[PDB]
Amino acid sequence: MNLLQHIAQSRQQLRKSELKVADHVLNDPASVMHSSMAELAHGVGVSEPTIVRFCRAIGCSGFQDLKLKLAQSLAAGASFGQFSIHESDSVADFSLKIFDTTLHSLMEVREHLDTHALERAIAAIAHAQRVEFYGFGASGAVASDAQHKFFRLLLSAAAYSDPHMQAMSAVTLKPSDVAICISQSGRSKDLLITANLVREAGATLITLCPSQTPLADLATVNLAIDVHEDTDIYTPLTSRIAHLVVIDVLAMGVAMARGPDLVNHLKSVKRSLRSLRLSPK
C-alpha cells in the first residue's frame, strides 16, 4: 500500500491538527524525509506530539517509520496512477498490479450493481430515437467509445465533448430521447449545465457516475458506479474501464430489446467491412 495514497485516502478520518500534517506531507514528501520531528512540527505549525499522533493515525509506528515508508512511496508512476507502485517496481511488478487492481475494481462494481437502475436505463434507451453521450477528458473518450458500440442498434447515436455542442444538441432532444452524462467525479461544471438542459427538454438523463454527487442528483436514472479513484490526484484509468463495461451492459440490454431483425442488421454492418479488412486465414 503506497503511503501517499493511504494518507490522501485517510484525510477524512484525521483531526484538524493531523490533517494539517497530512496536507503538508502530501504537498512535499521529500522535504519531510530529510526533516527532524521538530522542523516538521515548526513547518506545519503544530506540536511534536501532533506529528506523532498523525503517524499513528496513519498506521505508522512513529516518526521514523513515517519517513521510511515515505521513502518507499515516491515513485513518479505512483502519482500517475492509483496503483501501489514502489520506487523500484519492474514491468513484472506494475503490469500485474495494474491488471489486479482492474480485476478487483470490476468485481466490486459487479457486486454493487443497481440492477433496477440498469433495467430502467436499458428501457429508456430502447424506446428512444436518439441517444447521446456527454463527457470530458477520459469521460469524453468513453462517450465516443460508447457511440461506436451504440450506432448499430437502430437509433441515432452521437457523442460530444464540446460543451457548446452538448448544450445545443441537448435542447433539441424529444422527451422520448436519452442522454448519458459520464463523469468519474460527478462535479464537471459544464456537464451539470448540459444535464440541466437535458432535464429541461424533458428527456431521460442517465448519469454514469458515483452516487451522491452533483451530477447524480440531477439524474432521471442514476447508475451509481462507485469506483474509488481520486481523479483530483490520479490519472483516470480504472474508472473509465468500469464505465465502458457498464456501457457494454446497456448496449447488450438494448440489443436484447430488438427483434430477430437485428441479427441481419448487424450482419450488414459487419459485411460492410469486407473490402476494408483482409480475409482471415
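Residue positions are given as counts along the sequence shown, with the first one as 1.
Visitor: Test of understanding: from the entry's C-alpha B-factors, which stretch has the higher mean, 98-106 or 136-144?
Guide: The recorded data point to 98-106.
Visitor: May I ask you to compare 230-238 and 211-219 by their mean CA B factor in the entry and name the higher one?
Guide: So the stretch with the higher mean C-alpha B-factor is 211-219.
Visitor: If I read the C-alpha B-factors straight from the PDB entry, which of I51, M256, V245, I225 is highest?
Guide: Each of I51, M256, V245, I225 was compared by C-alpha B-factor; the highest is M256.
Visitor: Among the modelled residues of its chain, does the C-alpha B-factor of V171 lie in the lowest, middle or highest third?
Guide: Its C-alpha B-factor belongs to the middle third of this chain's values.
Visitor: Among the modelled residues of this chain, does the Cα B factor of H86 put it in the lowest, middle or highest third?
Guide: Its C-alpha B-factor, which the entry lists for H86, ranks in the highest third among residues of this chain.
Visitor: Could you look up the Cα B-factor of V198 in the entry and say which third of the chain it sits in: lowest, middle or highest?
Guide: For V198, whose C-alpha B-factor we compare with every modelled residue in the chain, the answer is the middle third.
Visitor: For the chain shown, is the CA B-factor of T115 in the lowest, middle or highest third of its modelled residues?
Guide: Middle third, going by the recorded CA B-factors of the chain.
Visitor: State the tercile, meaning the lowest, middle or highest third, of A128 with respect to the CA B-factors recorded for its chain.
Guide: It falls in the top third of the chain.
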